[PDB]
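Heads up, the thing below is written out as structure tokens.
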Amino acid sequence: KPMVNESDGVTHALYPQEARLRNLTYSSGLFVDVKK
Amino acid sequence: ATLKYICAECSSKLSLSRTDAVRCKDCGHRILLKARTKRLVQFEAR
Ligand SMILES: [Zn+2]
């Protein structure tokens, strides 16, 4: 789900109405079980 | 007496200046409005 990876803070669980005001991006992470 | 900035949720009068961070006395939510003026505003009734 929505996250905000900013330097000077962990990863704040983001919400619509904020990204709006702060001009951000309502997007979340993508991970893949890669094989070696 | 006196107030500088407020928080988008927990409306608690803050007050800061450069480098003192841009957060709140608790809620991380880094928003903050700049509370009303002291000089009264005058209106017309039409
Ligand atoms: Zn706060």
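For chain B, we keep the numbers from Swiss-Prot: what you see runs 25-70, in order.
Every residue, even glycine, has its Cβ placed from backbone N, Cα and C.
Swiss-Prot lists B:31-51 with the feature zinc finger. For B:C31, B:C34, B:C48, B:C51, the entry in Swiss-Prot reads Zn(2+) binding site.
Sequence-distant contacts of the zinc finger (B:31-51), counting only residues of its own chain at least 6 positions beyond either end whose CB sits under 8 Å from a CB of the stretch, comprise 57, 59.
Taking Cβ-Cβ distances under 8 Å and a sequence separation of 6 or more, the neighbours of B:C48 (Zn(2+) binding site) in its chain are B:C31, B:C34, B:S36, B:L38, B:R54, B:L56.
Within 8 A of the CB centroid of the Zn(2+) site residues B:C31, B:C34, B:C48, B:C51, the other residues of that chain are B:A32, B:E33, B:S35, B:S36, B:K49, B:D50, B:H53, B:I55.
Sorting the zinc finger (B:31-51) by DSSP state (H, G, I as helix; E, B as strand; all else coil) yields 0 helix, 0 strand, 21 coil. Cβ neighbour count for B:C31 (Zn(2+) binding site): 19 (other Cβ atoms within 10 Å of its Cβ, all protein chains included).
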